[PDB]
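Quick reminder, even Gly has a Cβ in these numbers, built from the backbone with ideal geometry, and neighbours come from all protein chains shown. Just so it is clear, none of the values below were taken in a lab; they were calculated from the coordinates.
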2 protein chains.
Amino acid sequence: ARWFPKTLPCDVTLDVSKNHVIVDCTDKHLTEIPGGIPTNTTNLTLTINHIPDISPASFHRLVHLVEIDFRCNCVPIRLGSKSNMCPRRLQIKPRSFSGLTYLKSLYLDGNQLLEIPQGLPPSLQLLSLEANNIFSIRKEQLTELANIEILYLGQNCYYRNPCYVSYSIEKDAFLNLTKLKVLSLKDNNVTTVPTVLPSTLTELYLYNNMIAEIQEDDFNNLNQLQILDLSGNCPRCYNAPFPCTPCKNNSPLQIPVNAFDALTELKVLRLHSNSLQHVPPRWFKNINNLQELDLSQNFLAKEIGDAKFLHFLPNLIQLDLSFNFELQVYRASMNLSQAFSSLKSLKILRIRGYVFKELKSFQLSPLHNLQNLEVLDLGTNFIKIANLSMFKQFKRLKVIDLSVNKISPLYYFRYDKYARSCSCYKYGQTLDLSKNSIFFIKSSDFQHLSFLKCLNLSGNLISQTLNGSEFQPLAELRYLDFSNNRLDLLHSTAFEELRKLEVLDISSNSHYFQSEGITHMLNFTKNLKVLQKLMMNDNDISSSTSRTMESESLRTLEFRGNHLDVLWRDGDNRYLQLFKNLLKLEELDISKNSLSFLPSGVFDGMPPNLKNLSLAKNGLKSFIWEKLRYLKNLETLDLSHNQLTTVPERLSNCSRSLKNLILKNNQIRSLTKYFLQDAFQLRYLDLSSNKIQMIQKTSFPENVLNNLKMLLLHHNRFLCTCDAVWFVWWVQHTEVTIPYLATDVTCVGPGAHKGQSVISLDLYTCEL
Amino acid sequence: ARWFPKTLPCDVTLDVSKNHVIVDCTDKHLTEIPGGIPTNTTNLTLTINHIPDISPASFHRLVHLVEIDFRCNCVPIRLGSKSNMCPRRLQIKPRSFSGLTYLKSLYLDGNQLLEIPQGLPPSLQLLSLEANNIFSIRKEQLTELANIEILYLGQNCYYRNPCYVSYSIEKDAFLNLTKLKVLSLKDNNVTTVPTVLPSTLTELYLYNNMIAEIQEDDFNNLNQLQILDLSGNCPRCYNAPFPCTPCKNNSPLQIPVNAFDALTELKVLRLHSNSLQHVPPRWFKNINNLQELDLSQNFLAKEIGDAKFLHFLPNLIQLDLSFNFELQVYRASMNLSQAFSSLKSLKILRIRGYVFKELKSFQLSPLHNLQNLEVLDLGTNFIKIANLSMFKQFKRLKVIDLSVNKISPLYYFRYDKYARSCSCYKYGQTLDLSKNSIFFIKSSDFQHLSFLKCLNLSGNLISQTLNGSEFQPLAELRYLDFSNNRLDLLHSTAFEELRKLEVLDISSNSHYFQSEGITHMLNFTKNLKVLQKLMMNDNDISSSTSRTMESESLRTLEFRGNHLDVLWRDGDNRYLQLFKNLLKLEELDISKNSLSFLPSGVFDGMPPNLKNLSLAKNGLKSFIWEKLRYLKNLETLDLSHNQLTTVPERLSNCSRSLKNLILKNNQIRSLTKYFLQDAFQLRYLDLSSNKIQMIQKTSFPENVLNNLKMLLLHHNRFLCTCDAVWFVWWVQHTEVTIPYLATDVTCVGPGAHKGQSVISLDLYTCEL
Ligand SMILES: *[C@@H]1O[C@H](CO)[C@@H](O[C@@H]2O[C@H](CO)[C@@H](O[C@@H]3O[C@H](CO)[C@@H](O)[C@H](O)[C@@H]3O)[C@H](O)[C@H]2NC(C)=O)[C@H](O)[C@H]1NC(C)=O
Ligand SMILES: CCC[C@@H](CCO)Nc1nc(N)nc2c3ccccc3n(Cc3cc(CN[C@H]4CCOC4)ccc3OC)c12
Ligand SMILES: CCC[C@@H](CCO)Nc1nc(N)nc2c3ccccc3n(Cc3cc(CN[C@H]4CCOC4)ccc3OC)c12
Ligand SMILES: *[C@@H]1O[C@H](CO)[C@@H](O[C@@H]2O[C@H](CO)[C@@H](O)[C@H](O)[C@H]2NC(C)=O)[C@H](O)[C@H]1NC(C)=O
Ligand SMILES: *[C@@H]1O[C@H](CO)[C@@H](O[C@@H]2O[C@H](CO)[C@@H](O)[C@H](O)[C@H]2NC(C)=O)[C@H](O)[C@H]1NC(C)=O
Ligand SMILES: *[C@@H]1O[C@H](CO)[C@@H](O[C@@H]2O[C@H](CO)[C@@H](O)[C@H](O)[C@H]2NC(C)=O)[C@H](O)[C@H]1NC(C)=O
Ligand SMILES: *[C@@H]1O[C@H](CO)[C@@H](O)[C@H](O)[C@H]1NC(C)=O
Ligand SMILES: *[C@@H]1O[C@H](CO)[C@@H](O)[C@H](O)[C@H]1NC(C)=O
Ligand SMILES: *[C@@H]1O[C@H](CO)[C@@H](O)[C@H](O)[C@H]1NC(C)=O
Ligand SMILES: *[C@@H]1O[C@H](CO)[C@@H](O)[C@H](O)[C@H]1NC(C)=O
Ligand SMILES: *[C@@H]1O[C@H](CO)[C@@H](O)[C@H](O)[C@H]1NC(C)=O
Ligand SMILES: *[C@@H]1O[C@H](CO)[C@@H](O)[C@H](O)[C@H]1NC(C)=O
Ligand SMILES: *[C@@H]1O[C@H](CO)[C@@H](O)[C@H](O)[C@H]1NC(C)=O
Ligand SMILES: *[C@@H]1O[C@H](CO)[C@@H](O)[C@H](O)[C@H]1NC(C)=O
Ligand SMILES: *[C@@H]1O[C@H](CO)[C@@H](O)[C@H](O)[C@H]1NC(C)=O
Ligand SMILES: *[C@@H]1O[C@H](CO)[C@@H](O)[C@H](O)[C@H]1NC(C)=O
Ligand SMILES: *[C@@H]1O[C@H](CO)[C@@H](O)[C@H](O)[C@H]1NC(C)=O
Ligand SMILES: *[C@@H]1O[C@H](CO)[C@@H](O)[C@H](O)[C@H]1NC(C)=O
Ligand SMILES: *[C@@H]1O[C@H](CO)[C@@H](O)[C@H](O)[C@H]1NC(C)=O
Ligand SMILES: *[C@@H]1O[C@H](CO)[C@@H](O)[C@H](O)[C@H]1NC(C)=O
Ligand SMILES: [Cl-]
Ligand SMILES: [Cl-]
């Protein structure tokens, strides 16, 4: 019961520990900075709005501002929306920030600014101007930035935001920025490394530019540099999903052998997409502490067989040599140099896109004595032959990725993977054979791999009847992903040999369930004694030879995308207890099952400890709410995206346990006279995207509403007459979390109030 | 134009040739028979309504009625809707039909009637009472039906509508119906064949009942019977998707060897699901003209190897022996008796569910000299081995169906396939290998099958790179369905060996298009010189090594369910001419491509003779209508299911050629002041399911409206104030076809008029 309503259209959060007062106006369709922002405000965000200008009046009384995030108010035409394009660039009038003597961070990204904003305070430490039209850096313009530490100037001249000229940087422009630790000139059409840079730099990003050559003294003084990224300079353009111009004559980024000599503190070096053909060992003579090295998207296929530079990298943790194939050569085998054995500290090795026919156990011998190896990733290689038992010498590894290959009996290709916008590994040893050509499996295929905890066979061609003899060696397996295959449940003994299996995914195995007259045994769960979660989604199951699935251990069953409307056809009582004998089942998802109505017997036939039930996306035109009494342990009920028109006359007389009721996206036009009356256990209600016009005090008593952790009411049809005087008042003074209060809890009428937010409504005329 | 607006909520059609005045009120949410039904009404339909009763007042002035279809006004609870269930059964008061001396057909199905309606006219020829609660037929109740010819009484006692007792029929109940040609007692829980039946019967349906035995004289006088159906009497219940009780001891329907002796005119005999183990030749001794014989769902696996009864069936056109497998036996081969060679007139032979491992050429030798054979269907048999070249001896056949099998290098199971409710074969010789386990193809697999005109490999495991050497023998192929496979377009020479190919379906081959960095050649079309239609739907295509698809012959390209939003990413002009060089393309479907906006260059890059363009289901939030000038041959533009808010200022200025414009399911709230001014080519406009409130005279000129073949306006937000005086008058007096005028062209306001149809609106108060 607030004494003064919050009318501001922004989320205000108070952080007493750090003396901070955060005001978040992200995406609030604002044409001006809202009035009445708290005076003690420290963090102000106005991202994704259409405020045309900033002036001294903008932050006149907000003298305690430490951060102003004013991003994407005039986002460039090719990056922003087309339905609501920006007419004119952001206008920053003089002395707009000079008064803010406490300002530490200022983001003015995506505003089509032509020049670096002047008159900034001396307390500024972070300045961000990405996605603007600033493509000429002059020493005089950066004079004001004396105490700056982080400076982002990238994305000011690239294919999604062209400047039509080369990027210009004056000589020694950043040299007097004596506190500059991070500098980013990425995606800018830069032709040379700007010099001289301040020696205090720790991170330098110059990727996706027109730098054809590095001079031997471009980084002669950066003795504190930790991260250096020179990627996408002379790019490898084969199959680039963005406009890509390589250097003439297919030449690489020319780097002198002594260019990195002063970088004794370098930890990360990224040379991705530089068309490199050789990696000279001399580069790493003085770089002893190098931890991460990205050499993906180059022409280093032959170099992988020699790789003498690896002898100078004993502290390297991550090595990426992906997509280095020779454009027209399908190699017979992978040639890994014996130098890979000198990478004592290596944890992650990725060599996707090498492209070779057969993997043999000996080819991986340089990796045998790398005690800290955790990930070996050989995905996207078109490997047709590989004895899976070879991985018995890699029991220590956490993940062995052979995804996207041909074995049988967006990351490397995106332009900027760090572009700013406005799983079973936890179980243990994982062998990923997903998206491969395995059509038949037998126990011998998994010999010597008893240690595996997860096996992902998702997306293979497995059209087979499993009888409990295909995975006999996998005695420790806890997770099997068998999705996107053609499983034939002819026998109820399928998967029984995997005695320690906790999670089984057989989703998207619809093939045999689509043809009539075929036997399906869904009672195979009885034999899996420690199974916790079974997913059998999108199988199109409309028939079953067995009438009951049984299990003493299963806690979650996902059965979405099936045809329970056909199994539970009215007049056919045979499958009404299909899930009843899953005695420890707590979560059942039967959404997307075309259940227009739930026959009588579905609720009585549910397992006894059912906590979360989803009936979403079913086209449910009716629901006997009284039947919820059978589900004595129900905590969450999800009836979203259906065609329900009414709520229960008394929710208390339906379920004593129900905590979370989700009714979003239905046709409810009114709540019953005493809906939540005496339903004190309810802690979450969603009635958003319905067609409710009125909500009275009897249907929504305050003794229940105040207990709610959250209440969603947005996108309804609220009629704002004097009869809604209670709803409008309570919404304005409630402490209960109602998301979208000031942006989507709107009046549809009458006349004057059409489109008006209920939070800003003044019904004083109703009381005179 | 019309002087008197049509206010009746039913479709009135006049057929001057056959002199009928048809009034169709199907599904019009009527609680009473509407007033003002024309006095000349001959055919009146009131199906799917909630009219609680019929009385003499119902058809008082409609003395010329020839047909009354009053079905499903109180449909049984298990068959009907649950959101709006029927409270009480239909009440027919006395003398309701006695006055209608011209009544020929009366349908009172699905009304929960307890007894046969009495007081019917002597002119009635067809009476239908299916899905009611009439399960006791007495001779006295049928005396009024003296001149009846067709009588449907089925579905009055089965699992979806139980009566809890056996069906009773009095002795000689139908005997005095001396004109009865069709009698149907299907799905009724009947225990014996009713006798004596009138000899004038031509069709008798007694399927899905509890008839355990036929007496030798049950059909002793039906010398004019043409169709006899005794299916589902002692049913085969293995994998029945409905409640199925077989006869005790697994015994069949007992039919004496001489039971069909009097049936010299029998053309169709259906013995589906009768658990038959033998078919005695003696049954067909006196049946010489039998044309159709259904023996599916029996236990005739061993009988198929002997089948001596086939020697008495030389005039049989259709033979069905599907789903006769021995429950626990997977046979090594199919044993077809040599007696099949005596079926001289056979055109269709279906033997699905026989279940056998190998198909050998000599096993089909009884079929070699059957000159009229057109269809051989061996689907759902789990055949693992079959030399496709064996079909060289079946060039005369139209369809060879081997769908749903394991070959590698609802119809038979529904309860009542005739239950009433309230393709490449045209190209020539078709070989259907769909839903099989073929993972690799080579030219030798199609040797000796050069005659094939269609080959359906849909839903196989083909993960391969085609280079133009896999289908070398198929020189006459006009249609290849390759959908639901894993095609790898590494080479642009894919499919080029099929030189006479006119239609190619490579839809749902998304596997290789989903992983990054893989080469895809979409320019393979250039080599196919007579290709007319290419479907490459739902492939998730977001990248392509080739920038242009070329073709001198392609007329239709379906590219829905792909990612043209990524290929045409703003700033990337490389794929804007992807479809430009398809010089003879007339229809392009680029719906479901996530195109929120169309970049500049898409319209200019379209082929020159593009006539039909679909951009439906894209989430298009904006559209530069002026760009339609580039599409000089445009005739149909489909922009349905998008987020467009405005129509062009003057459509005629955007496109001189456009004829059909579909804008259904958008956010259009108003039409521009001169929207259709001078749009002389427009013949079809769809503005339904939008949010339009007002339409003025200037937006809809009479010279353009009178040329429209159809105009859709339903499901809008029409405000019915005095400002809508033009639109309300125009809708009432126009002759233009506007569908759903009395069920969905409604007023949303103001107040009083909420929910009212605009056709029934009286705005006389606007002019005083
Ligand atoms: C087709 O006709 C048969 C009879 O020929 C109907 O079966 C009969 O159904 C009733 C009601 O379900 C059964 O009676 C009940 O039996 C139980 C168990 O003894 C008892 O607790 C009830 O109070 C009641 O007496 C009756 O036994 C049963 N008869 C036979 C021979 O099965 C059948 O329902 C009809 N089919 C349909 C679809 O209506
Ligand atoms: C219309 C399909 C009918 C079903 C019936 C199964 O209950 N068959 C099948 N239903 C499914 N879901 N899959 C398959 C299947 C997959 C591969 C090969 C043949 C296959 N059959 C054929 C079949 C097999 C057997 C196996 N026998 C061995 C078991 C241990 O010792 C003997 C017995 C009777 C059979 O049909 C009569 C079926
Ligand atoms: C990251 C994958 C990159 C692409 C590159 C294609 O330009 N490869 C592939 N792209 C697709 N879409 N599929 C396959 C593929 C399928 C099965 C086996 C290997 C496969 N490769 C591998 C490859 C093959 C060749 C075969 N050449 C013979 C053809 C006739 O004479 C020479 C040449 C270079 C190759 O990569 C270097 C690819
Ligand atoms: C409010 O502004 C301050 C200053 O810009 C933000 O402080 C940064 O917080 C992160 C941790 O989240 C630290 O790693 C940085 O070093 C801090 N920067 C500075 C300059 O102190 C703070 O996160 C902002 N709070 C919100 C909620 O926006
Ligand atoms: C990067 O700079 C180059 C020039 O160094 C820009 O290329 C020029 O673009 C104009 C306008 O299209 C042409 O008239 C010139 O001929 C181009 N010069 C050269 C040498 O190519 C290029 O547009 C810039 N990149 C971006 C994304 O703006
Ligand atoms: C109007 O009623 C007549 C009589 O019930 C219908 O006539 C049937 O027409 C079909 C098709 O021409 C014939 O096969 C039937 O034999 C006719 N039945 C009788 C009893 O004559 C006619 O179809 C009805 N028209 C409509 C549109 O409902
Ligand atoms: C491996 O590749 C190197 C060149 O990179 C070559 O010198 C060497 O002979 C190759 N060895 C094998 C076994 O392929
Ligand atoms: C696979 O490798 C194991 C040894 O790791 C060996 O015992 C087995 O025979 C091999 N199988 C094949 C087919 O090479
Ligand atoms: C298996 O791999 C697929 C991708 O091929 C991935 O979507 C899925 O999440 C993986 N399974 C698990 C359990 O991580
Ligand atoms: C399972 O099938 C394999 C062959 O695929 C066979 O060796 C084994 O005996 C079968 N299991 C049982 C229990 O019959
Ligand atoms: C599944 O049901 C079938 C009968 O329908 C039975 O033979 C089989 O033993 C059942 N499976 C289990 C694990 O109980
Ligand atoms: C679903 O059940 C799990 C426990 O099995 C629980 O943690 C989770 O909160 C439930 N879902 C919801 C939405 O409450
Ligand atoms: C609770 O609901 C049931 C069913 O709707 C009803 O019969 C009963 O009277 C209700 N309880 C009270 C106290 O009204
Ligand atoms: C075919 O089946 C019949 C029985 O139906 C049997 O008499 C005959 O020997 C069988 N012949 C072959 C070749 O299998
Ligand atoms: C398939 O049958 C043809 C004869 O029609 C024969 O020439 C060919 O060798 C057979 N192929 C196989 C694999 O047996
Ligand atoms: C191929 O078979 C599938 C069913 O397996 C069917 O949907 C499709 O229409 C068939 N193709 C043609 C061209 O008829
Ligand atoms: C196509 O593949 C076949 C089988 O591998 C091969 O013999 C043939 O040479 C290939 N075609 C071309 C043009 O290389
Ligand atoms: C398809 O494009 C590639 C280059 O991307 C070219 O080599 C090939 O010849 C093209 N194919 C045709 C049929 O034009
Ligand atoms: C026009 O093309 C559409 C596809 O965009 C097609 O569905 C429609 O039937 C075509 N109509 C005519 C008259 O050609
Ligand atoms: C569009 O309208 C203007 C004004 O009448 C006219 O000058 C222009 O030629 C028109 N364009 C087309 C394509 O009809
Ligand atoms: Cl079993
Ligand atoms: Cl090629």
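In peptide B:78-84, what is the residue-averaged number of other protein chain Cβ atoms found within 10 Å of each Cβ?
Other-chain Cβ atoms within 10 Å of each residue's Cβ, averaged: 5.
Once the label point is placed 7 Å from Cα along Cβ, list for A:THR737 the distances to the corresponding points in the other copies, in nm, shortest first.
5.5
Taking the Cβ of B:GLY571 as the center, what net charge do the other residues with Cβ under 11 Å away carry, scoring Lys and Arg +1 and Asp and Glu -1?
+2
Take the alpha-carbon centre of segment B:32-58, take the same for segment B:226-292, and report the distance between them in whole Å.
With segment B:32-58 and segment B:226-292 each reduced to a Cα centre, they are spaced 43 Å.
Grab the beta carbon distance between B:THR636 and A:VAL165, set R0 = 41 Å, and tell me the FRET efficiency rounded to 0.05.
So, using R0 = 41 Å, E works out to roughly 0.35.
Applying a 10 Å radius around every beta-carbon, put A:722-732, A:431-441 in order of their mean neighbour count, most first.
A:431-441, A:722-732
Quick one: Debye curve from the alpha-carbon atoms of chain B only, equal weights, vacuum; give me log10 I(q)/I(0) at q = 0.07 Å⁻¹ to two decimals.
Cα-only, vacuum Debye calculation for chain B: -0.75.
Based solely on its DSSP helices, what 222 nm [θ] is calculated for the protein assembly as shown when runs of n ≥ 4 H residues each add -39,500 (n - 2.57) and the sum is averaged over all residues, nearest 500 deg cm²/dmol?
One gets -500 deg cm²/dmol as the mean residue ellipticity at 222 nm.
Which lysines, on any chain, are close to B:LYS357 with Cα under 18 Å apart, when same-chain ones fewer than 8 places away are left out?
Qualifying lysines at Cα under 18 Å: B:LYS302, B:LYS384, B:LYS406, B:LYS435.
Please name whichever of A:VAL190, A:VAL704, A:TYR411 sits farthest to the positive end of the charge dipole of chain A, dipole taken about the Cα centre and charges placed at Cβ: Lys and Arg +1, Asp and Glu -1.
Toward the positive end, the furthest listed residue is A:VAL704.
Once both labels are modelled 7 Å past Cα along the beta-carbon direction, what's the A:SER600-A:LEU410 spacing in nm?
Computed distance between label sites A:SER600 and A:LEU410 equals 5.5 nm.
Could you give, in nm with one decimal, how far B:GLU358 is from each other copy of that position, shortest first, with labels 7 Å out from Cα toward Cβ?
Those separations, rounded to one decimal, come out as 3.1 nm.
Suppose every K and R has +1 on its Cβ and every D and E has -1 on its Cβ; what is the size of the dipole of segment B:1-132 about the Cα centre, in Debye to the nearest 20?
220
Hey, which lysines would be in cross-link range of B:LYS617, C-alpha to C-alpha under 17 Å, not counting anything within fewer than 8 residues on its own chain?
Leaving aside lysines fewer than 8 places away in the same chain, those within reach of B:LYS617 are B:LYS592, B:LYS664.
Let me make sure I get this right: for segment B:665-746, a, b and c are the square roots of the gyration tensor eigenvalues over alpha carbons, sorted descending. Under 1.5 in a/c it's rounded, otherwise prolate if a/b > b/c, else oblate. Which is it?
Taking the square roots of the gyration eigenvalues as a ≥ b ≥ c, segment B:665-746 is rounded.
Quick one: with label points 7 Å out along Cα→Cβ, list the inter-copy distances for B:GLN371 in nm, shortest first?
Spelled out, the distances from B:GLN371's label point are 8.8 nm.
Placing +1 on the Cβ of each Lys and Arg and -1 on the Cβ of each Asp and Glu in chain B, which of B:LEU397, B:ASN381, B:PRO608 has its Cα farthest towards the positive end of the resulting dipole?
About the Cα centre, the residue reaching furthest to the positive side is B:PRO608.
Looking at the axis that maps chain A onto chain B, which chain A residue has the closest Cβ, and how far off is it in Å, rounded to a whole number?
Minimum Cβ distance to the axis, with residue: A:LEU461, 2.
Take peptide A:507-517, look around each residue's Cβ out to 10 angstrom, count Cβ atoms belonging to other protein chains, and average those counts.
Across the residues of A:507-517, the mean count of other-chain Cβ atoms within 10 Å is 4.
Out of residues 5 or more away from A:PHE325 or on other chains, whose amide H comes under 5 Å of its own, with H placed 1.01 Å from N in the peptide plane?
none
Summing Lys, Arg as +1 and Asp, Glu as -1, what charge do residues with Cβ under 10 Å from the Cβ of A:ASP481 carry, A:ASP481 excluded?
Neighbour charge sum, excluding A:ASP481 itself: -2.
What FRET efficiency would be calculated for the residue pair A:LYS357, B:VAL12, taking the C-beta separation as r and a Förster radius of 56 Å, to the nearest 0.05?
Efficiency computed from Cβ-Cβ geometry: 0.15.
Can you list the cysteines of chain A that have no other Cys Cβ under 4.7 Å away?
Isolated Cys, chain A: A:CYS654.
Assigning unit charges at the beta carbon (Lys, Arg +1; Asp, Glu -1) and nothing else, what dipole magnitude in debye, to the nearest 20, does the protein assembly as shown show about its Cα centre?
780
Positive end of the dipole of chain B, charges at C-beta (+1 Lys, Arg; -1 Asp, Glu), about the Cα centre: which of B:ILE68, B:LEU576, B:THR31 has its Cα farthest in that direction?
The Cα lying farthest towards the positive end belongs to B:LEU576.
Order of B:476-489, B:18-31, A:294-307 by packing, highest average Cβ count within 10 Å first?
By packing density, highest mean first, the sequence is B:476-489, A:294-307, B:18-31.
Net charge near A:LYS302, counting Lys/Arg +1 and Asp/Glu -1 over other residues with Cβ under 12 Å of its Cβ?
In short, -2.
Work out the FRET efficiency for B:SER444 and A:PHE440 from their Cβ-Cβ distance, taking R0 = 22 Å, and round it to the nearest 0.05.
It comes to 0.50.
What does the structure give for A:618-625 when I average, per residue, the other chain Cβ atoms found within 10 Å of the residue Cβ?
If you average over the peptide's residues, the count of other-chain Cβ atoms is 2.
So for each of B:393-406, A:271-284 I average, over its residues, the number of other beta carbons within 10 Å; can you give me the resulting order with the highest mean first?
Put in order of decreasing packing, that is A:271-284, B:393-406.
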